[PDB]
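Descriptive analysis of the structure
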Amino acid sequence: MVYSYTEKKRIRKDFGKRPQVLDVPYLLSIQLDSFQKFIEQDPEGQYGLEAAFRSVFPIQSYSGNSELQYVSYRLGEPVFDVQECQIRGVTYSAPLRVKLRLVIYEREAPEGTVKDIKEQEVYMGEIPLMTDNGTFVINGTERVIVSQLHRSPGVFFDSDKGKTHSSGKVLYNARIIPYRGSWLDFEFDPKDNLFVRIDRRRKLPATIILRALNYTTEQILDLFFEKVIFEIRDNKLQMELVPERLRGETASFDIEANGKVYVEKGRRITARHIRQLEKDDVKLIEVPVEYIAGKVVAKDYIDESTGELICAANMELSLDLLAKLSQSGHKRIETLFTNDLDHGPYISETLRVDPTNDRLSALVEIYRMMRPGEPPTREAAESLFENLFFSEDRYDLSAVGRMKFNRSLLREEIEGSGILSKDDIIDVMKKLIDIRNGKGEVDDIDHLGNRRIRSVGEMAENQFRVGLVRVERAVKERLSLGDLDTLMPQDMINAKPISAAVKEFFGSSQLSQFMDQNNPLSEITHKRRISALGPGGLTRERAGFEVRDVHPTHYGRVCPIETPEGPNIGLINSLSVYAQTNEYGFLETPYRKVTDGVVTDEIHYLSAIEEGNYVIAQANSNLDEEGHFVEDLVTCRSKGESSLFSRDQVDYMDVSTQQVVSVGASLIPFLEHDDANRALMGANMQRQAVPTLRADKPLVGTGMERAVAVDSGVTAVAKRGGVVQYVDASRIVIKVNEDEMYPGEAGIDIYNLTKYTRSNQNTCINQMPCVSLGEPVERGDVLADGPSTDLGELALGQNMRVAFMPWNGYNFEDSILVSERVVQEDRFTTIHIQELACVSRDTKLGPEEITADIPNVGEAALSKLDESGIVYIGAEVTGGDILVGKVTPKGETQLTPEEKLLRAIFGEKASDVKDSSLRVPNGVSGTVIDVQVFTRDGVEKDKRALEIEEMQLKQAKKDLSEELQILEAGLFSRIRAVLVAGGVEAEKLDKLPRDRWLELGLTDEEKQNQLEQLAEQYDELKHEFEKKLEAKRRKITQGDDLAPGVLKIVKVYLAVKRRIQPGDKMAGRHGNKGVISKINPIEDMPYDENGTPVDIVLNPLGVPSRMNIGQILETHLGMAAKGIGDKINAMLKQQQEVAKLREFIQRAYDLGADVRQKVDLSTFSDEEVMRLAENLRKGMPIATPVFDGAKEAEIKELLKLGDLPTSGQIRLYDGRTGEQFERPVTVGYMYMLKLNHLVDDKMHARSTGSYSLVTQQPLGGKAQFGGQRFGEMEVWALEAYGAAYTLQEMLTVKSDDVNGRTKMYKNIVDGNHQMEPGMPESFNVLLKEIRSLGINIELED
Amino acid sequence: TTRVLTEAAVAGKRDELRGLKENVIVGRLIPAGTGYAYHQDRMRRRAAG
Amino acid sequence: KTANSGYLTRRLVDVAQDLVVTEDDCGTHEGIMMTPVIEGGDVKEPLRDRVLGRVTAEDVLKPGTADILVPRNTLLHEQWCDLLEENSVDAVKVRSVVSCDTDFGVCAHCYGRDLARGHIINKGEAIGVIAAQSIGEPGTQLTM
Amino acid sequence: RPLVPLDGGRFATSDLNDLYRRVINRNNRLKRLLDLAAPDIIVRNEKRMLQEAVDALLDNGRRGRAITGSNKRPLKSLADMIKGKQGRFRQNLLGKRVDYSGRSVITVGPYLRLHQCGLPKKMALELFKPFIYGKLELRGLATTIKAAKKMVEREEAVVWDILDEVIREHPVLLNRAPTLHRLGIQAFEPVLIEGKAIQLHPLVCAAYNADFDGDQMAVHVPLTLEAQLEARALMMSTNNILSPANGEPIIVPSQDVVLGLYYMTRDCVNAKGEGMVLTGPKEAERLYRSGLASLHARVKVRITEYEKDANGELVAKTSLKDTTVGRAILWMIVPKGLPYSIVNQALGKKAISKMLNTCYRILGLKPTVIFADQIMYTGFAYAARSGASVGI
Amino acid sequence: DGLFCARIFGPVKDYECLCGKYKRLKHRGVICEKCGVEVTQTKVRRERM
DNA sequence: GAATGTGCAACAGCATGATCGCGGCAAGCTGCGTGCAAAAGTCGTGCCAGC
RNA sequence: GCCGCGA
Ligand SMILES: [Mg+2]
Ligand SMILES: [Zn+2]
Ligand SMILES: [Zn+2]
C-alpha cells in the first residue's frame, strides 16, 4: 500500500527534509488541455470549432431569402492508427463532418418560408489530431508545436524612458492593442499636445476623432474640464468659492469674507488659511477685474437682443468684451478651470490646433488622413469609421482584452461587449491626462501579468476561423444564383481553402518545429516550451535587453535557468514544474493558504497580478507539528521584493522548493551549489545526450526521473493491468483482475512494444519489458522502458568512476581521459538508424521498373539482392553497395544497323535501359533493418510485398486469437457446468466434442433454454470472430492510392553501432563538458589500494573557476552510494541469512537528519527483500531533491556507513610507475552523458569537388563536399603576416580561377608547384553586374 | 555601395589598385610582405615606359 | 557586445589597411614628448613600458647639463631602457607614425620595433592591419 | 541568373528574371499602345508604370514599396545582389570558399612539439590527393592517371607509405573560426595520427583562444613553393612567440603546467631531507625519484651558472646555493646564460612568463622554443606526479 | 527573342547549334541560316549582355 | 519705426548592427488566343533488289 | 529562406 509494484523493485533513498503538499502535475497538461478545449463539443460558444461556427454561421444571401442554418458537427474516426500512420509517412488526421440545412424564404410573404431542405452532414477539411503524448504526426513526422508568449490585448501605458528630445521631458503614451484589428496610439508632444497615431499613420490631433463621435466643442470642454461660473451683477463681479480648488495661487488683491477680511493680498498660502476659510461659511465674494483677464470662456453665451454672440470657445476675453456682454445681459459667464497645480492645459490646445468642428469635417479629414486616395462622398468616410473601430466583424477585442481593459480603468464589471464604445475612448483619454497630471503610474511592459500565452488550440482556432471567413466570402456569392435544386455539397462547400490553411499552419509555420528525440527529457522540455517569437510575437532584432532579463514575476511560472545561449537567450523559456495557465491565458503558480499562524493544506493558484498584493512565505521555512511557524520572524516576498515579516503577517506559503525550477533543471542534483550560468549550460546539455546500449540509473538523482519518464509517454504504462499472462520481447499480454471489469466479453490488455525505430535525430527508439511472468501489476505500473530509461526511471547517461587530477596534460583545458574498459564494456555505445528511400515512377518512355537484373553490373553486386531487387534483411552494406535495382527506360525509335547488331549480340534491350539504383552513400555502413515496399493499386504486387502482407496477417490473427480462445473457454466452462447440473457423463462428457452432441436433450427446460442459448452464443461468437478477422484481412491488403507520378516506393533502414572515440564529446549534468583526448589502457590508469582502476580522469582546474561545487558533492555522494552497493554485493556474495541483510538495508535507509522517508522492511516480504537487495547491488540509488538536498554531514555519515574515508579522497597509485601520488585524490562516481556531437559527423576534407555556375566557387558544407570558407578575418590575418603568395593562392588558384585550378592541378600532378595565377570569375561577375546597371566600368591598359 | 558608386560614376575616377583591399578583390599580390618586392619592380617598369 | 566589437574591428581594419612601411628612415626631427602616465597621485604607467621599442627623435639630457646619454635617432631596447631608468630621466622625445613625413606609407624608423620580434620593423610590413587587429582583438572582454 | 530547377521539367523563374520580364512586358505593351493613337491618359499611366518597373528592377524598395514574389518577401534587385551583403563580402573581397581544406574537432596532444600538429590520416590522403597522384605516377606504380586514382580509392598500404612520404615536411596551416588577430591562423608540421580529431599543441591554445570543450578548427594546405616558404618562415608557431600587440610572450604555459611548476618550486619547513648538501641537480633528481627526499625539502646544492658579460662569450661560475629539491630538478632544463635566481621562487604564472621573456631576449629563438617545450613537458609530468585534486 | 534565347548570348550546349544544322568543332564562328546561333564554347553565356 | 534676410532647431529619411560550422522542412513550378498562307512533315500507296 | 544547435 505504501509503495506500488514498481517501487519495491528499487527504492530511491530520498533525503527530502520537507514534506510535499501537492504532487507534480501531469507535466504535459498544457498541450492536451488546449487541444481538448479546441476539439471537444461545447453546449455554449466558449471556445472550439463550435465557437468558430457560432462566430461565422449562420450565413445568408443579400436580401435573397436564402439562409444556411447549421446544427452541430462531428469529427470522423481516423483511417490509420498512430503506428501505421507514422510507418506509412502520411498525416494523422480526422475528417470533419458538419450538418447544415437550406432555408428558402417567401419573397411575397415577409418573414415567411417556403422551403426547408434538411440535408445530411457534409465533409469539409481534414483536421490533424494530437497523439496521446502531445505531438502532431504530419507527413510521417512528429512536429511538436511550441506555445507562444506575446502581449495580451488591451491598454498599455508607456513612459518612453523620458529621453527622446534630450530636454528631460518624459513623454507618456497609451496604446490600444486588439486581438484582431487596427491599433491606436495616444501620444504627448513636447508642447503637451494630444496626438493620435491610428494604424501607425502620421500624427493627428485627437480633437477630430473626439468630434467625430457627434461631440460639440462646448460639450467637449464641459466633459473634459471642470467649469466655473463668474457672476457680474451691478458691477460687483462676484466669484464663487471652491476651497478645495485653490491650493497654489497668489492673492492679487485683498480677499474678504462677507465684508470681513479673510486673506490679505499676497498673504499666507499655508493649509491653515485654507482650512480657516473653509470653516467659515461664506457666499460668493467680489474679485479684482485683472484676475479674470487670463481666464478662458468655456460655453458660448447668446445675446438676447441680437443673434450675434461670442461663440469663440477656447478664447480669452477683452475689456470691451465685458461691456459687450453686460449690454447683452450676460450676468453669469461660464469659464473653464484655468488652474495649473495638478491639472494642466490639454484638449483645448489641440482644439485650437485644428478648426474642424463638424462630424462630417472630422470624417472627411480622417478619410483623407489614413487614405490619400480618392476623396469621399459622405459615404466612404462613414463606412470607414464604422469599419475601423466599433465594428462587429472588422475589429474585435478578445475576452481577455475586455477584462484587461476593465481592470486597467478600474471598472466593476468584467464581462462586456467585445467592441469599444464611445465612453471607452473618453475614459482612456482622461486616464492619459491624469497620469501626466500626477495621479496614477506607468505599468511595466515585461510584467508577466501583461504577457499572455497562447497554445496550439488557440492558433488552430484562429487559422480555422480565417479559413471559414474565406469560405463564407464565396458561399455568400453562391447563394445569389442558387435554385431549389442545390444541396450543401453543391452549395459551395469549398473544403479546399479550409484544408489548405489548416495544413499550412500545422506543417509549415514558425512555431511548428521538428520535435527533439534525444532522451525523453528533450521531448518533455520541447512540448512545454514558451517562445516569444512567432506570427504575433516579436522578431529577434526587435527585442531589447529588458525583454531578455529575468523579471521578478518569473518566480513560479517561467524557469530562470533553462534557456538557449547564443542568439535566443531570454526569448525562449521553459514552464516551471507547477506552472499552469489561467482561464484567460496568464501563468499561475500554486501556493498554500495561511490562516492565523497555522499553514493549512488548502491550495490557491495565484497569477502575476494577484500574487503582488499578498505576502508570500518561503519554502525553506521550518514548521511545527500543528503547522505553526517555529520562528516569530519569517523571510517573505511582499511586492517584488524580499523582507522579513512577523508570523501573523504571512498570507501565502510557497508549496515546494522546486517551484522556481523547470523540468530540465530539476534533474541537476545540488543545483544550489552550482553557478547559474554553468547550471544553464548543464540543463541545456542534458537534452543533447543520446540513449546508449543499456540504460543506467543515476546513482544520485533528484526524484524527478520517474515523473519525467512516465509522463513523456516513452514507456509502456499498464492502463488497467492485473496479473501478467505472457511476456515477449515485443508483446505483453495481461489478464485483468476480476475486481474491476467491463461486463460482457471479458477482455485482456495487449501492448505491442516498438522495437528499433528511427527517431527524428536518427537515434534509436527501443522498448524492453520489465515484468517477467505472472508478476502482479497495478494500475499505472511500468511494463516496458523506452530508450534511456531504467525500470521506469529516467536514465540518459552512465555512472562512471571519476578521479579529479591532472594526468600528463591529457585532460588539459576541458579534455577528458577515458580508460579502455569503458570502450570494452560497450558503455557509451549508441545505435543510429538511417532511412534511405528509392522511388519508382513513370516517365516519357514508360515505367521505371525495379528488378534484381540490372544491365552492366557484375554478379558481385547482385549477391545481396532477392528475386524482386531488394536487399536481404540483415545484409551488412558498406560503401556504395546496391540497395534496390531500378532501371529507367530510354528513348530510341531508329534502330540503326549498329543498334540492330547490338541487340543481336546482347539481350533484347541491349542495355538500352539506364540504371538509377539506390546505392548507399559513401561513408555510410551498417546492417539492413527493415524494408517498407509500397505499391500502387492495380499494379502487380511485389514478391517481397507478398511476404510483408503474410507477416501482417499472421501477426493480426495471432494477436486476435487470444480473446476468442478465452471466450470459447468460458462458454465451454458454462456448458460443462450446465451438463453437470443434469445428466453429467463426467470425463466421458469431456471426451466427445460439441459437448457430446449437446448432451442430447436431458430435461425439457435445459434442452429448450440452456443448450439452445449456449449454441446460439457459440454461433454468434464464431460469426463475429470471422467477420472481424475478415475485415482486418481486407484492411491490411489494400492497394495504396499513391501519388500520381509515383508508382512504387521502397524504403531501406540502416543501423550502425557508433563506439566511443577520442574526438567525441562527453559531458556531465553540471555544465562541465569536454572532448576525450586519449583512450588509456587499463594498466595506465590510476588505481587505489584494492587495485580497481578509475574510469574517467578529470582536470580539477575546471571546478574553482566555474564554481561547479555540485561536481565535487555529486562525486563524493556517488562514491558513498557505490560503497553501500559494494557492501550489499559483498554480503550477497557469501549468501548470509536474510535477517542480517534486511537489518543492514534498514539501517542504511533510516540514515539521515529528520528525513521524510518512511521505508520499512518489516512489512516487506522476504523474497521482496531478496529481490530489492539484488537490484541495488550495483549501488544505492539515492535521490536528493533540488533545493533541499543532502548536507555535507549526511554525505559524510553515509560514507562512514559504507566503510569509506570521510573526506571522500583516497590514496591513488600511478598505473605505469606504481608510485603513489603525493596528495589524496577525490575518487567518486559521476553520471556522464554522451552528447550528440560526434566527429563521425564533424570530420570533413576536400581537395577538388563541385562548384557553382555563378562565381565558380566551391560549394559549402558537408553532405555537399564543400570547402572551408576563407572569410574576411583570416585574409586580414594573412595580410598582417605578410604572406602575399599564400593569400594569392587562396584567392585565385583555389576558388575562382577556372583555368588556374586546372593548371595548378596539372602542375601538382607533374610535380612543379608553380602558381600561374589568373583572373577570378567572381570579379568578372561583379563587373557584369555593374555594367548591367547604367554604370560603365572597365579595365584600363 | 549605392552612394559610393554614384559619386564614382559621375566623377569618372580610377582606382589604380594601390591598397590591400583592391588587390585582394582583383586577386593580384598585395603590396605588402612578400608581395612588396614584386610590386616595386613593376613600378619601375611603368616609370621607365 | 560581440557584434559591437566586430563592427569596430571591421571599421578599424578598413580605415587602416592602406598602410605599409615603405621607407627606411625619413630623417624628420619631429616627435612626441613622452612621460610616465600618472592620474593624480599614483603611478599607472612607467616610462620604460611606454618608451621601449621606440626611436628617439632628440637626445635625452641627464640632470647634469651638456651630458649626452644616448644619441639622436637610435632604437631603444632593454639595455638602453635599463640605463635610462638608472638615471633620473622623466620625459623623452620619441618620433611617432603621425609625424613620419613620408608619402604613402610610414618610415621604418618613425615606427619602432615590431612587437612580434626584437628587431626593428622591416620594409613591406602591413602595419595598419596589425594595429587594427591589436586594438580590436579585445572588446569582446571589455565590460561595456 | 540561372532559373531554379525542381520536380519535373518545369522551371521556376527567378527574382531577377521576374523583374526583367515585368520590365519587358510593360515596355512591349507601352510601345504597342504608342502606335494605336491612344488617349493621353492611358499612355501616361503606362509610361508611369514602365518607369516604376524599371526603378524596381534596378533597385527594389526605392521610391515606393518593394514588389514581392509568390511569398511575402521582397524581390531582391540587381543592387541587393551585388555581392552578398550589398558589398563584396560573400563571393568576393576575402569571401571565397577554398578547396584543399579540412575541418574537424580539436583535442590535446602533450607529446607534440611546438611546430607540430596531429592530423588524421583520413583527413590526409584527401587534402594531399594530387600530391599522392604525382608521387604514384613518378615512382612507376601507376602509369596512367586512372590507375593512380583507382589505387588511391582502394587505399593500399603503399598508398599510405607514399602519403607519409609526401607529408614529411609540407607545412599545413590551421585556423579557428573567429580569427581575431593574426595569431589565430598558424602553420604546423603535420604528423599523421590514427584518428579523426586534430591534436593541437597546448602552448598555442592561448593564442588561438581555443579550449577542448567542442571547438573545431579548419586546415588549409599551402600547395605552392612560395606558399610553403611563407608558411615555414612567416606562419610557423615557432616563429610568432611574442604577440604583435604588446611584445609580451603570447606562448606561455598555463593551467596544469603552471600548477606543475608551482608545486615543484615550493618549500616546506620539514620534509624528507633537511640541510643536505648535494653536489649537483642530478642528485636532487636521484633522491626525489628514489623516494629518499621530497620536492619541497630545503637543501644546499652545488650549482654552476653561465653568464654573458663577456662579449659574445659565456663564463661559468660554481657556488653552493640554498634552495629546494624541486628548483634544483627544474634547473636541469633551463638553458645556459640565465641566473639561478630565475628559479629560486614560487613560479606563479608571472615568474615563468618573465623567465621565458628573458630567455628570448638574452639567448635567441631556438633555445627559448626548446626551453618552452621542456617547461611544458616537466609541468605536465610533475602536475601528474603531484596528484592535485579539489575536494569539498 | 526572350530573356533566355540562343540567337544571342551564345549556344546552349557546347559547339552545337540550334536545329542541329551545324553541331561540330570543325565549324567555328558560322551563323546558321535557320537560326542566328553561332558555334562557340558555350561559356559566352557568361559574357554576352 | 517698419522691413529683410542669415543662423538655428526640430524632423524625416538613409545606413548599420562579429565569424565559421551542423542538422531539418517547406514551398518557390509561368505564360493568351487566331485563322490562314506557307511551309514542312506524315501517312497510305506503289516501286525495285536480294534470297 | 524559416526552425533548432556547436565554438
Ligand atoms: Mg570552448
Ligand atoms: Zn618617417
Ligand atoms: Zn541552327
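Residues numbered from 1 in each chain as written, not as in the entry; some residues may be left out. Chains lettered and ligands numbered in written order. Part of a larger assembly, values for the part shown. Heavy atoms only, no water. Residues with missing side-chain atoms left out of burial classes, pairs and counts.

Method of determination, as given in the entry header: cryo-EM; reported resolution: 3.5 Å.

Scanning chain A from terminus to terminus reveals 34 helices and 57 strands. Structurally, chain A occupies a C-alpha span of about 130 × 115 × 90 Å along its principal axes. For chain A, restricting intrachain contacts to residue pairs at least 6 apart in sequence, the fraction spanning at least 24 positions comes to 69%. (Helix = DSSP H or I, 4+ residues; strand = E, 2+ residues; numbered from the N terminus. Contact = heavy atoms within 4.5 Å.)

Of all residues adjacent to RNA strand G, which total 17 residues, the nearest are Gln513, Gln688 and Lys1073 of chain A together with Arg176 and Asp215 of chain D. Near-protein atoms of RNA strand G (within 4 Å) split between backbone and bases, with sugar and phosphate holding 96%. Within the side chain of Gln688 of chain A, an N or O atom sits 2.7 Å from a phosphate oxygen of RNA strand G. The side chain of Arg176 of chain D places a nitrogen or oxygen atom 2.6 Å from a sugar or linking oxygen of RNA strand G. (Near = heavy atom within 4 Å. Polar contact = N/O pair within 3.5 Å; in protein donor to acceptor, adjacent residues only side chain to side chain.)

Take the pattern of salt bridges next. Residues and elements named next belong to chain A. Summed over the entire model, instances satisfying the criterion amount to 73 salt bridges over all chains. Of the charged contacts, one joins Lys1035 and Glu84 as a salt bridge, the two residues approaching to 3.7 Å between their closest N and O atoms. Linking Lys1035 in helix α25 (residues 1004-1036) with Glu84 in helix α3 (residues 82-88), this pair joins segments that are 951 residues apart in sequence. The exposure class assigned to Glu84 is partly exposed, which follows from its relative accessible area of 29%. Salt bridges sharing partners connect three or more residues here, namely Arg10, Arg12, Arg706, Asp790 and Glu793. (Salt bridge = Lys/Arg side-chain N within 4 Å of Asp/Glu carboxyl O. Buried < 20%, exposed > 50% of the residue type's maximum accessible area, 1.4 Å probe, protein only.)

Our focus in this paragraph is helix α11 (residues 399-408) of chain A. For an α-helix the count is 3.6 residues per turn, leaving residues at separations of three or four pointing the same way. All names here are of chain A. Counted residue by residue, α11 has 7 buried out of 10 residues, so it is predominantly covered. Within α11, the full set of buried residues consists of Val400, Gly401, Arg402, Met403, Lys404, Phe405 and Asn406. The inward-facing, buried residues of α11 contact β8 (154-158), β9 (173-177), α12 (422-437) and β18 (451-454).

All names here are of chain D. Only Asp211 (OD), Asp211 (OD), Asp213 (OD), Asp213 (OD) and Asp215 (OD) from the protein reach the magnesium ion (ligand 1) as donors, at distances of 2.0 to 2.8 Å. Donor residues for the magnesium ion (ligand 1), ordered by position in the chain, follow D-x1-D-x1-D. The burial state of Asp211 is the same as that of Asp213; both residues are buried. (Donors = N, O, S within 2.8 Å, 3.2 Å for Na, K, Ca; no water.)

Let us now look at the protein's contact with DNA strand F. Residues in close proximity to DNA strand F total 29 residues, the closest being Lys1262 and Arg1269 of chain A together with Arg10, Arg62 and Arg97 of chain D. Backbone atoms, meaning sugar and phosphate, form 72% of the atoms of DNA strand F found within 4 Å of the protein. Between DNA strand F and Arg62 of chain D there is a distance of 2.4 Å, counted from a phosphate oxygen to a side-chain nitrogen or oxygen. The contact in question runs from a phosphate oxygen of DNA strand F to an N or O atom on the side chain of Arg97 of chain D, over 2.4 Å. Only α1 (2-16) of chain C together with β2 (11-12) of chain D provide two or more residues apiece to the surface near DNA strand F. It is α1 of chain C that provides the largest number of residues to the surface near DNA strand F, a total of 5 residues. Looking at the surface near DNA strand F, its residues break down into 9 nonpolar, 9 polar and 11 charged. (Nonpolar A, V, L, I, M, F, W, Y, C, P; charged D, E, K, R; others polar.)

Residues and elements named next belong to chain E. Protein coordination at the zinc ion (ligand 3) comes from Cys17 (SG), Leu18 (O) and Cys35 (SG), with a distance range of 2.1 to 2.3 Å. Of note, the donors binding the zinc ion (ligand 3) are all from one chain and are spaced C-L-x16-C. Since its relative accessible area comes to 6%, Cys17 is described here as buried. On the accessibility criterion, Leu18 (40% relative accessible area) is partly exposed.

A comparison of contact numbers over the 8 pairs of chains in contact places chains A and D at the top. Of all C-alpha pairs spanning chain B and chain E, none lies closer than 18 Å, and the two are not in contact. With no contact between them, chain C and chain E keep their nearest C-alpha atoms 31 Å apart.

The next thing to look at is the nonpolar core. Counting residues in each nonpolar core, the largest one holds 88 residues, and the members touching the most others are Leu174 and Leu200 of chain D. Element by element, the count of residues in this core is highest for helix α12 (residues 366-386) of chain D, at 7 residues. Core analysis: the second largest hydrophobic core is formed by 46 residues, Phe1144, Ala1173, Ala1190 and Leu1199 of chain A among them. (Core = buried A, V, L, I, M, F, W, Y, C linked by side-chain atoms within 4.5 Å.)

Moving on: the pairing of strand β40 (residues 816-819) of chain A. All names here are of chain A. A two-sided burial pattern is seen for β40, the buried positions comprising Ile816 and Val818 on one face and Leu817 and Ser819 on the other. Pairing of β40 with strand β53 (residues 1073-1080) involves 4 bridges; the strand directions are parallel. Looking at β53, one finds that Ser819 is bridged to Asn1080. (Pairing = 2+ DSSP bridges.)

Right, let's talk about the side chain of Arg454 of chain A for a bit. Residue and element names in this part refer to chain A. Inspection of the secondary structure assignment puts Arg454 in strand β18. In this structure, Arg454 is buried with no salt-bridge partner, the nearest side chain bearing the opposite charge being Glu458 at 4.1 Å. For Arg454, the side chain forms a polar contact with the side chain of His150, separated by 3.0 Å. Excluding residues that lie within four positions of it along the chain, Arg454 makes contacts with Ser147, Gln148, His150, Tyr179, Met459 and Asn462. (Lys, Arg positive; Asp, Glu negative; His and termini not counted.)

What follows deals with the interface of chain D and chain A. The accessible area lost on association of the parts is a frequent measure of interface size. With 90 residues of chain D in contact, the opposing surface of chain A contributes 97 residues. Here the side of chain D that touches chain A takes 8 residues from strand β3 (residues 101-108) of chain D, the largest share from any one element. When grouped by side-chain class, the residues that make up the side of chain D that touches chain A number 46 nonpolar, 25 polar and 19 charged. Bridge analysis of strand β57 (residues 1244-1246) of chain A against β3 of chain D gives 3 bridges, and the strand direction is antiparallel. Bridging across to β3 of chain D, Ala1245 of chain A finds its partner in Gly102 of chain D.

Residue and element names in this part refer to chain A. Counted as a void, the largest cavity has a volume near 180 Å³. When residues of the lining of the largest cavity are assigned to their parent elements, the largest contribution, 3 residues, is made by helix α26 (residues 1102-1106). Across the lining of the largest cavity, the residue classes tally to 7 nonpolar, 9 polar and 4 charged. (1 Å grid on protein atoms, 1.4 Å probe; cavity = no way out; pocket = protein on both sides within 12 Å on 5 of 7 lines; lining within 4 Å. Points joined across faces, edges and corners; volume = space filled by probe spheres on them.)

So, about the sheet that holds strand β10 (residues 184-188) of chain A. Residue and element names in this part refer to chain A. Strand order in the open sheet formed by 4 strands is β8-β9-β10-β11, with antiparallel pairing between adjacent strands. What marks the edges here is a single partner per strand, and that holds for β8 and β11 (194-198). Each strand of the sheet is rotated relative to its neighbour by a mean of 15°, with strand direction disregarded. Pairing analysis gives 5 bridges linking β8 to β9, with the strands arranged antiparallel. Residue pairing in the sheet places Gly154 in a bridge with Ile177 of β9. The strands touched by α11 within the sheet are β8 and β9, with β8 carrying the most contacts at an inclination of about 50°. (Axes fitted to C-alpha atoms, helices over the stretch in contact; angles between N-to-C directions.)

What follows deals with the packing of helix α9 (residues 359-370) of chain A against helix α10 (residues 380-388) of chain A. Packed helix pairs are characterised by how far apart their axes lie and by the angle those axes make with each other. All names here are of chain A. For the pair α9 and α10, interaxial distance at closest approach is 9 Å and the crossing angle is 75°. Considering the angle they form, α9 stands roughly perpendicular to α10. In contact with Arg359, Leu363, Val364, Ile366, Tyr367 and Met370 of α9, α10 contributes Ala381, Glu382, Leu384, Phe385 and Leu388. Tallied by class, residues from the contact of α9 with α10 come to 9 nonpolar, no polar and 2 charged. (Parallel < 35°, antiparallel > 145°, perpendicular 65-115°, else oblique.)

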